[PDB]
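Trainee: Structure incoming, see below.
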Amino acid sequence: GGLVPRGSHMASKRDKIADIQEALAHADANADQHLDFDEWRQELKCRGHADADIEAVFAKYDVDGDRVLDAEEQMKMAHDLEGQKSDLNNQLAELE
């Protein structure tokens, strides 16, 4: 029963972005173009994610702890997520 006993470490990363990128992008429910904790937390949560788990992933984006990130910081997010994705998709699965 070789194959793989446990891992999916890298794969998971792809699933997160793939699931987070679309969900949000294809979400702009309140067409606000901003990222309020409520929307993020709630949106991601239903994706099989817990309430606390998202805290660590999100907090990493708090610059001044002002708890407010508009299109200003949003660019950095998409930008950073885009590069990491490209490097990952390389071996995992094509895309570009």
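Residue numbering for the sequence shown is 12 to 107, as defined by the deposited numbering.
We put the CB at the ideal spot given by N, CA and C, even for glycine.
1. Quick one: is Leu103 buried, meaning 16 or more other Cβ sit within 10 Å of its Cβ, or exposed?
2. Buried or exposed: which applies to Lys87, given that a residue is buried once 16 or more other Cβ atoms fall within 10 Å of its Cβ?
3. DSSP three-state label for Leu14, please.
4. What's the C-alpha gap between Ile65 and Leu14?
5. Of the residues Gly94, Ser97 and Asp81, which one's Cα is nearest the Cα of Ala42?
Mentor: With the given structure in hand:
1. Your numbering for residue 103 matches position 92 in the sequence shown. That one is exposed.
2. For this step, residue 87 is matched to residue 76 along the sequence shown. Result: exposed.
3. As a working note, residue 14 is residue 3 in the sequence shown. In the structure shown, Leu14 sits in coil (DSSP, three-state: anything other than H, G, I, E or B).
4. By one-based count along the sequence shown, residue 65 stands at place 54. By one-based count along the sequence shown, residue 14 stands at place 3. Straight-line Cα distance between these residues: approximately 31 Å.
5. What you label residue 42 is simply residue 31 of the sequence shown in a count that begins at 1. When only C-alpha atoms are compared, the closest one is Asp81.
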